[PDB]
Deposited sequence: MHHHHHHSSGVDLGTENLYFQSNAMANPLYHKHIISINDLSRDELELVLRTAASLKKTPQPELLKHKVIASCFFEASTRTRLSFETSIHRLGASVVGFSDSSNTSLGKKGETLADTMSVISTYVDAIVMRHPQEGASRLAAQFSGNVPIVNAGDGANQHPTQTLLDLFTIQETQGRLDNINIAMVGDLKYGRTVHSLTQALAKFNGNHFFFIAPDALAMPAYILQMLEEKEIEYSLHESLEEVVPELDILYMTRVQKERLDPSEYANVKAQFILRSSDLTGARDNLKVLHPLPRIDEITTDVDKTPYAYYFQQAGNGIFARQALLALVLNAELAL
């Protein structure tokens, strides 16, 4: 069996480097050549105790694209609830407001795997996976990358996980651009230091745009098209979404915008995971 078979996917950290690369190869394959019947006859529950239209739609589309059916709730004793649901369905995609809830479901779901679509505000494994997949797709690699992370690096959910994931690769250089009150926390700088991974701090984008392979904008530090003069041809601008004012609309039609394509990649990342946890061979 592939190593993820009937494995609960709760945290991105619970995947080894080998496991990430597997998911990513699988996602690339599915994007290139769809398998509309891979999960035929499977029924997957979409349990969004917490509403999250964007993530739910992505997961449901992923499930349908693999030929499986979806039953669920789009908004709201868990132990027993999951002990019952798990008697009906082949997998459970869960989103819940309290961190630890997905793991709890997992303690009771038996051989039915739980795929976490978000557990509290920080743990979002498929967001990290789609971020990684997008960097891989656009740059051809996850090593030797110049990546900037801009905005709120203190309460930025997706950005801590992303940094930790990329830190497992070789030769990356992180450029952290944030207000002092919202700097990337110390424990993250600490691990980068201990892994001998290069990072640098800058007051703004202007000065480092020429160096970047990826500009990751978090939810003055607003990005506008004018700021992208001198960019590398391979530069991609990412944002986990939604954006409000941090990326002006004029960026959208430059060759560097890739936030919508990045969201679109969520389908492949999520299909790959569903495929791997439900099919022993692949």
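According to the record, the deposited residues with no C-alpha atom in the structure span 1 to 25, 102 to 111, 255 to 270, 334 to 335.
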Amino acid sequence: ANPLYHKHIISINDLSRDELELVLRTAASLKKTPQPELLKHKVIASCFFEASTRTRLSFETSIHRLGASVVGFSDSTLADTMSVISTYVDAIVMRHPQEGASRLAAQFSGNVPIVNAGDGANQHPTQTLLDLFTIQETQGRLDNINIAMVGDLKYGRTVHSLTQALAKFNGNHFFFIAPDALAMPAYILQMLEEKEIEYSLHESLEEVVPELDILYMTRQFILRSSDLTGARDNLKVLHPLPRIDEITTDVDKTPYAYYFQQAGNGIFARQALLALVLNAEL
From here on, numbers count along this sequence of modelled residues.
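Mean C-alpha B-factor is higher over 203 to 211 than over the other stretch, the pair under comparison being 203 to 211 and 161 to 169. When the two stretches 29 to 37 and 56 to 64 are set side by side, the higher mean Cα temperature factor goes to 29 to 37. Taking the deposited Cα B-factors for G118, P185, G72, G140, the highest one is held by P185. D252 sits in the lowest third of its chain by CA B factor, as recorded in the PDB entry. For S225, the recorded CA temperature factor ranks within the middle third of the chain's modelled residues. Placement of the Cα temperature factor of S86 within the chain: middle third of the modelled residues, per the deposited record. The deposited CA B-factor of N111 belongs to the highest third of values across its chain. The PDB entry assigns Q190 a C-alpha temperature factor belonging to the highest third of its chain's modelled residues.
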